[PDB]
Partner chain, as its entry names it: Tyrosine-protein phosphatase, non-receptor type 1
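We begin with a single chain expressed as structure tokens, specifically the form solved without the partner chain.
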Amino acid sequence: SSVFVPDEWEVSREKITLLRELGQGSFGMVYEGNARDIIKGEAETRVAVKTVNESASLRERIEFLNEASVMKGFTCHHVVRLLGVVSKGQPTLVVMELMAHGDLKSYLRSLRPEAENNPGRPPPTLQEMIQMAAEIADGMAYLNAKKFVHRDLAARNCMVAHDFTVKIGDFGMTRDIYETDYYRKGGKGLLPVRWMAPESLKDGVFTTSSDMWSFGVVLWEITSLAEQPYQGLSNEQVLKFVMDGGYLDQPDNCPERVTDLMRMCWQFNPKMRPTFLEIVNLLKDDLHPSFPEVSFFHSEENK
């Protein structure tokens, strides 16, 4: 009988409760809800739950499969944590930790002073920006340590917690590079052009160095409150422009300090761009007191 070979992540649908829509993914839905006893010590836990549309294509379900699986093996304060999986019945439910304020792009946009949904507080300060950069870098460094290239780092894929901690999310495009330290895409596929490195666009190659390039664009998204990168140029135009050595300007009044990291991230030669650990190292001295307490950078694991 099957009962004697259970999945440790299986969770009873009975423990899950949906409250509202947190957003819509390209082929599923993300809901906010609470789950009864899914974490030892917590009677109830606020959570985000991802579903998959009946009409989801094989490819999409295959991408959804990878997302959940790579996550099963992560454990880092700056990475969205997987909590359980409901598969006994339909529809399948993937339960993750709730990031109260949603994705960074949305969040950033709400802080605009004219935003119809401004929460009542000023745009991110220099300090709050370094903190974000530092948290995204840490999570990513952890990811790199585990030997995984994300391939799709952007504001939309970064989440913001109730306490405002930013964490890496959406691991659908993630790939193991353990043996070769790189991933070379084969055929055709939906790629996030406006966030890709030149070598990745030219030869379809992905490294932690290309992920560093995306980080820079995320810094840019951050300092412009999530405007559109290469605003006014079609994906085909950007592709040609970047491969020719092109890159983004510094958003208006972008902090000098932030502009520097972007200069480093967009070096044409991938080997010259910095690594995430070096990025946390550059900012470690101007962060919340709790950082050394939860960062991967400060943990014994980082060896």
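Positions refer to the first chain, counted from 1.
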### Message
Which is higher on mean Cα B factor in this entry, 268-276 or 34-42?
### Response
34-42
## Note on the structure
Going by the entry, of stretches 8-16 and 291-299 the one with greater average Cα B-factor is 8-16
### Task
Tell me, please, which of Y142, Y178, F171, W213 has the highest C-alpha B factor according to the deposited entry?
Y178
### Query
Hey, out of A161, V85, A115, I130, whose CA B-factor is highest in the deposited coordinates?
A115
### Task
Just say lowest, middle or highest third for the CA B-factor of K147 relative to the other modelled residues in its chain.
middle
### Query
Which third, lowest, middle or highest, does the CA B-factor of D203 fall in along this chain?
highest
#### Entry: Among modelled residues of the same chain, the CA temperature factor third for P229
middle
## Note on the structure
Of the three thirds of the chain ranked by Cα temperature factor, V238 occupies the middle
#### Entry: Ranked C-alpha temperature factor of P255 among modelled chain residues, by third
highest
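The same protein has a further form, the form deposited with the partner chain bound, not shown here; the description that follows concerns it.
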### Query
Taking the partner chain in the deposited complex as the reference, which of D249, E256, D244, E42 has a non-hydrogen atom within 4.5 Å?
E42
### Query
So, in the deposited complex, is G232 in contact with the partner chain at a 4.5 angstroms heavy atom limit?
no
### Query
Could you tell me if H288 has a non-hydrogen atom within 4.5 Å of the partner chain in the deposited complex?
yes
### Message
Considering non-hydrogen atoms and a 4.5 Å limit, does the partner chain approach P113 in the deposited complex?
### Response
no
### Message
Given that the partner chain is not shown alongside this chain, does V294 nevertheless sit within 4.5 Å of it in the deposited complex, heavy atom to heavy atom?
### Response
yes
### Message
Heavy atom within 4.5 Å of the partner chain in the deposited complex: which residues of 116-142 meet that condition, in order?
### Response
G120, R121, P122
